[PDB]
Amino acid sequence: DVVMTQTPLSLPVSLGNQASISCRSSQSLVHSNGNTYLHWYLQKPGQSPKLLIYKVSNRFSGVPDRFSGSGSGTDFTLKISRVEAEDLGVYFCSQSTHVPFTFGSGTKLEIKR
Amino acid sequence: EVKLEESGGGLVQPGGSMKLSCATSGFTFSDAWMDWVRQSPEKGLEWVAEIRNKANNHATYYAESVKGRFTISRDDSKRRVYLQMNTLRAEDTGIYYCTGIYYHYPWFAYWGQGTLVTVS
């Protein structure tokens, strides 16, 4: 299976600051149709993961433009600009280019003072 | 609105058995390939089982870790997908979600709330 790895496990940031999450895949996520199926989910406590960014850079419904996804091949980044308390939770990168679909271990965004 | 809801989770002995159910609405069920994914406190999020649509023979596919112990099934009439678990292991503990492959987003775009399975 394609192994998704992301760092850090926990990402303390100040409110208003920028946060960046790294995600790597064990092989290229470029599908044979030429598109790249790397997605990010956000999970709040006690809830299911919700689709946040899909196909590298596309914002899902209702997701602020402060979230921007980037990268290519095996190496990807989620950048969260001007972090707010609404952004708190655990972010997972995930690939659906290859079967079975797989997930990174997650990154907890938290506010540090 | 696409809606999914799991039920049936609970505490169970190793070696025991437990059936999960998933009720759905807001998309064409008979077209959808349906899946179970679990969130393990040991392995994190990990796909468990898939069942295809009728045109692909309702064919089933399992993670190696659960093959031979778990059975995914669907009822197109009820728009429900199930996961029957047998010979449960401590390893199988986690939150079980149903999801599937959708027309506008052909990956696990919408998930249920999850049902907790705890193996004692």
# chains A, B, ... in the order shown; residues from 1 in each chain; ligands from 1
call {"tool": "select_by_dssp", "arguments": {"residues": "stretch 48-97 of chain B", "states": "helix (DSSP H, G or I)", "output": "MDAnalysis selection string"}}
result
chainID B and resid 54:56 90:92
call {"tool": "interface_residues", "arguments": {"of": "chain B", "to": "chain A", "cutoff": "7 Å", "atoms": "only C-alpha atoms", "output": "PyMOL selection string"}}
result
chain B and resi 44-47+107+109+111-114
call {"tool": "write_last_selection", "arguments": {"atoms": "N, CA and C atoms", "output": "PDB file, in the first residue's frame"}}
result
ATOM      1  N   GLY B  44      -4.123   4.214  13.308  1.00  0.00           N
ATOM      2  CA  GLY B  44      -4.798   5.358  12.719  1.00  0.00           C
ATOM      3  C   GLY B  44      -5.834   4.960  11.675  1.00  0.00           C
ATOM      4  N   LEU B  45      -6.113   5.867  10.744  1.00  0.00           N
ATOM      5  CA  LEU B  45      -7.147   5.642   9.724  1.00  0.00           C
ATOM      6  C   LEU B  45      -6.682   4.618   8.692  1.00  0.00           C
ATOM      7  N   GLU B  46      -7.520   3.620   8.442  1.00  0.00           N
ATOM      8  CA  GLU B  46      -7.134   2.518   7.578  1.00  0.00           C
ATOM      9  C   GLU B  46      -8.365   1.873   6.956  1.00  0.00           C
ATOM     10  N   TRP B  47      -8.370   1.823   5.633  1.00  0.00           N
ATOM     11  CA  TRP B  47      -9.434   1.146   4.887  1.00  0.00           C
ATOM     12  C   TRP B  47      -9.554  -0.337   5.304  1.00  0.00           C
ATOM     13  N   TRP B 107     -13.848   9.510  -4.398  1.00  0.00           N
ATOM     14  CA  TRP B 107     -13.029   9.010  -3.294  1.00  0.00           C
ATOM     15  C   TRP B 107     -13.873   9.141  -2.029  1.00  0.00           C
ATOM     16  N   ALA B 109     -15.385  10.933   0.095  1.00  0.00           N
ATOM     17  CA  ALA B 109     -15.666  12.347   0.316  1.00  0.00           C
ATOM     18  C   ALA B 109     -16.595  12.611   1.501  1.00  0.00           C
ATOM     19  N   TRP B 111     -18.483  10.786   5.043  1.00  0.00           N
ATOM     20  CA  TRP B 111     -18.314   9.711   6.026  1.00  0.00           C
ATOM     21  C   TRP B 111     -19.475   9.768   7.017  1.00  0.00           C
ATOM     22  N   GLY B 112     -19.790   8.645   7.654  1.00  0.00           N
ATOM     23  CA  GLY B 112     -20.735   8.693   8.762  1.00  0.00           C
ATOM     24  C   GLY B 112     -20.076   9.286   9.999  1.00  0.00           C
ATOM     25  N   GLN B 113     -20.815   9.375  11.105  1.00  0.00           N
ATOM     26  CA  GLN B 113     -20.262   9.872  12.367  1.00  0.00           C
ATOM     27  C   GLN B 113     -19.310   8.881  13.046  1.00  0.00           C
ATOM     28  N   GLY B 114     -19.378   7.617  12.635  1.00  0.00           N
ATOM     29  CA  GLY B 114     -18.551   6.575  13.227  1.00  0.00           C
ATOM     30  C   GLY B 114     -19.200   5.869  14.410  1.00  0.00           C
TER      31      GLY B 114
END
call {"tool": "closest_atom_pairs", "arguments": {"of": "stretch 65-95 of chain B", "to": "stretch 14-31 of chain B", "cutoff": "7 Å", "atoms": "only C-alpha atoms", "output": "JSON lines"}}
result
{"residue": "B:76", "atom": "CA", "partner": "B:30", "partner_atom": "CA", "distance": 5.7}
{"residue": "B:79", "atom": "CA", "partner": "B:29", "partner_atom": "CA", "distance": 5.7}
{"residue": "B:80", "atom": "CA", "partner": "B:23", "partner_atom": "CA", "distance": 4.8}
{"residue": "B:81", "atom": "CA", "partner": "B:22", "partner_atom": "CA", "distance": 5.1}
{"residue": "B:82", "atom": "CA", "partner": "B:21", "partner_atom": "CA", "distance": 4.5}
{"residue": "B:83", "atom": "CA", "partner": "B:20", "partner_atom": "CA", "distance": 5.0}
{"residue": "B:84", "atom": "CA", "partner": "B:19", "partner_atom": "CA", "distance": 4.3}
{"residue": "B:85", "atom": "CA", "partner": "B:18", "partner_atom": "CA", "distance": 5.2}
{"residue": "B:86", "atom": "CA", "partner": "B:17", "partner_atom": "CA", "distance": 4.4}
{"residue": "B:87", "atom": "CA", "partner": "B:15", "partner_atom": "CA", "distance": 4.0}
{"residue": "B:88", "atom": "CA", "partner": "B:15", "partner_atom": "CA", "distance": 4.8}
{"residue": "B:89", "atom": "CA", "partner": "B:14", "partner_atom": "CA", "distance": 5.1}
{"residue": "B:90", "atom": "CA", "partner": "B:14", "partner_atom": "CA", "distance": 6.4}
call {"tool": "atom_distance", "arguments": {"atom1": "atom CA of residue B:66", "atom2": "atom CA of residue B:48"}}
result
7.1 Å
call {"tool": "closest_residue", "arguments": {"among": "A:25, A:8, A:30, A:43", "to": "residue B:39", "atoms": "only C-alpha atoms"}}
result
A:43
call {"tool": "atom_distance", "arguments": {"atom1": "atom CA of residue A:36", "atom2": "atom CA of residue A:56"}}
result
6.8 Å
call {"tool": "residues_around", "arguments": {"residues": "stretch 76-80 of chain A", "least_positions_apart": "3", "cutoff": "8 Å", "atoms": "only C-alpha atoms", "output": "list in words"}}
result
residues 18, 19, 20, 21, 22, 23, 24, 40, 56, 66, 67, 68, 69, 70, 71, 72, 73 and 83 of chain A
call {"tool": "atom_distance", "arguments": {"atom1": "atom CA of residue B:73", "atom2": "atom CA of residue B:50"}}
result
8.9 Å
